[PDB]
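# just the structure for this:
(chains A and B, ligands or ions: 1)
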There are 2 protein chains.
Amino acid sequence: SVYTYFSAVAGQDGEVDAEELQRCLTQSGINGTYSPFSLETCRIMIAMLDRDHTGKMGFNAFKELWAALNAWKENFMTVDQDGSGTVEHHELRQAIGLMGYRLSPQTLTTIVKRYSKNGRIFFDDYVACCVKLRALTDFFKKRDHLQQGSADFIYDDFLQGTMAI
Amino acid sequence: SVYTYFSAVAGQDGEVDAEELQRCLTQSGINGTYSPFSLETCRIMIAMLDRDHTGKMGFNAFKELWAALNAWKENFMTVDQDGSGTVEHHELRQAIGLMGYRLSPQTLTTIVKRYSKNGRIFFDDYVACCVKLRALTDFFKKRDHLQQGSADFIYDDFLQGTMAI
Ligand SMILES: [Ca+2]
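Residues are numbered from 1 along each chain as shown, chains lettered A, B, ... in the order given. See below for the structure:
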């Protein structure tokens, strides 16, 4: 059924832009219960997989996305002690350590304060956070040639990568 | 009358969070004929001036924002060679070079592709772009101790700064 929604909105190139992706995911039902995704979330989604640097996404990259979404949806549900579609600060920190990140308390704090609406973290923000977390790390790893946990960036390169995400 | 909108929505702390800032700017009228700001835009606004790292904004910082908004709105109008309210790729590159940035073609292209809707760039995305452009540069500058156009980042520090923006 997946291809059906993709194709339904895909362009002449068989690729979707952030706006079409949004429609596709929504018409998809993946977030059926929860808060539908925002255009900003969808833009980060594309940037996370835009290796050809076109601002669009093909069905092969979409399949990777889909895999990642259902995985993140799973974690959201398992930290969702209860139900309502919103997680708590603590519930969020636990989800992040669950995806394999080992961030410090201050950084985690920053991240949470970034996506909080009344001590709550809605589904959309939770997924935006997951996608951005990955995109940034991939960008950083590519600059950390010896994998030392540090990297040197030249201004223009630094900007191009972070503005894109 | 600036303070009136600020205080109308301001919290117990006399500070506004992203959500209240949105209400304030909107109720403010600065949006002209253009499109109203989005919550995402407002969050970058606060992050751009959040020196105390609280996720909120006081009236002193708000004054700085206001100054920058009016300035950005001026440029938007001057590149809008046809009162569309939306600018074009070229009109956008022109506004970026106008704010003092000397970015390479590829970088500029990436930036444009990030905020484009059918070859159009709405006011909200245009302001989101200007805010983010400055926030990232400020972060970079702070790590470029000798101002050489390059800087070394430790992963956790890198994430904290970019996730906040
Ligand atoms: Ca125009």
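
# the most far-flung residue of chain A relative to its centre in helix, strand or coil?
Distance to the chain centre peaks in chain A at residue A:146, reaching 26.3 Å (criterion: CA atoms, centre = their mean). Under DSSP: H, G, I helix; E, B strand; the rest coil, the three-state class of residue A:146 is coil.

# how about the residue minimising distance to the centre of chain A, phi and psi?
Most central residue of chain A, judged by C-alpha distance to the mean C-alpha position with CA atoms, centre = their mean, is residue A:131 at 1.8 Å. Summarising the backbone geometry of residue A:131 under the convention degrees, to the nearest 10, its torsions are phi -60, psi -50.

# cool, residue A:103 as well?
Backbone geometry at residue A:103, expressed as degrees, to the nearest 10, gives phi -90, psi 160.

# that one contacts residue B:156, correct?
Yes - judged on CB atoms under 8 Å, residue A:103 makes contact with residue B:156 at a distance of 6.4 Å. For the C-beta atoms, the positions are set from N, CA and C on the backbone; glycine is no exception.

# settle it for me: which of the two has more neighbours?
More neighbours sit around residue A:103 than around the other of residue A:103 and residue B:156, counting by other CB atoms under 10 Å in any protein chain shown; the figures are 19 against 14.

# quick check: end-to-end length of stretch A:141-148?
Here the two ends of stretch A:141-148 are set 10 Å apart, with distance taken as CA to CA, to the nearest Å.

# and the helices in chain A?
Along chain A, counting by DSSP state H, helices occupy A:2-9, A:18-28, A:39-49, A:59-79, A:89-98, A:105-114, A:123-141, A:155-164.

# can you give the contact residues for the first one?
When you say that, I think you mean helix A:2-9. With CB atoms under 8 Å, 6 or more residues apart in numbering or on different chains as the test, helix A:2-9 has contacts from A:14, A:16, A:20-21, A:23-25, A:27-28, A:59, A:62-63, A:66.

# helix B:123-141 and the lengthiest strand in chain A, what's the angle between them?
Using DSSP state E to assign secondary structure, the strand with the most residues in chain A is strand A:150-154. For strand A:150-154 and helix B:123-141, the angle between their directions (axes from the mean of the first three to the mean of the last three CA atoms, to 10 degrees) works out to 120 degrees.

# what residues are up against the closest residue to the ion within chain A?
Sorted by distance to the ion under CB to the ion, the residues of chain A start with residue A:19, at 19.4 Å. Listed by CB under 8 Å, 6+ apart, the contact set of residue A:19 reads A:39, A:42, B:117.

# mind checking how far it is from residue A:135?
If you measure residue A:19 against residue A:135 using CB to CB, to the nearest Å, the figure is 19 Å.

# buried deepest among the helices of chain A, which one?
For the helices of chain A, ranked by mean neighbour count under the definition mean count of other CB atoms under 10 Å in any protein chain shown, the leader is helix A:39-49 at a mean of 23.

# same for that one, what does it pack against?
For helix A:39-49, the elements it packs on are helix A:18-28, strand A:56-57, helix A:59-79, helix A:123-141, judged by 3 or more CB pairs under 8 Å, 6 or more residues apart in numbering or on different chains; DSSP states H and E.

# show me which residues of chain A are close to chain B?
A:19, A:38, A:40, A:43, A:47, A:53-55, A:103-104, A:106-107, A:110-111, A:113-114, A:116-117, A:129, A:132-133, A:136-137, A:140, A:144, A:149-156, A:158-160, A:162-165 (CB under 8 Å from any CB of the partner chain).

# one more time with 6 Å, if that's ok
Those residues of chain A that sit near chain B, judged by CB under 6 Å from any CB of the partner chain, are A:40, A:55, A:104, A:107, A:110-111, A:113-114, A:136, A:140, A:149-152, A:154-156, A:158-160, A:162-164.

# can I get the contacts of residue A:19 in a markdown table including distance to residue B:82?
Below are these laid out as a markdown table (distance: CB to CB, whole Å):
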| residue | distance to residue B:82 |
| --- | --- |
| A:39 | 25 |
| A:42 | 29 |
| B:117 | 17 |
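
# got those residues as JSON lines, with distance to the ion columns?
Formatted as JSON lines, the contacts of residue A:19 follow (distance: CB to the ion, whole Å):
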{"residue": "A:39", "distance to the ion": "21"}
{"residue": "A:42", "distance to the ion": "25"}
{"residue": "B:117", "distance to the ion": "13"}
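
# closest residue of chain A to chain B?
residue A:55 (3.7 Å; CB to the nearest CB).

# that residue - how many residues pack around it?
Residue A:55 sits with 20 neighbouring residues when counted by other CB under 10 Å.

# give me the nearest residue to it, chain neighbours excluded.
Across the structure, with CB to CB, 6 or more residues apart in numbering or on different chains as the measure, the residue nearest residue A:55 apart from its sequence neighbours is residue B:113 (3.7 Å).

# and if you look at residue A:89?
Distances taken as CB to CB, 6+ apart put residue A:112 closest to residue A:89, at 5.0 Å, once the chain neighbours are dropped.

# if anything else comes up later, I'll come back, but that's it for now.
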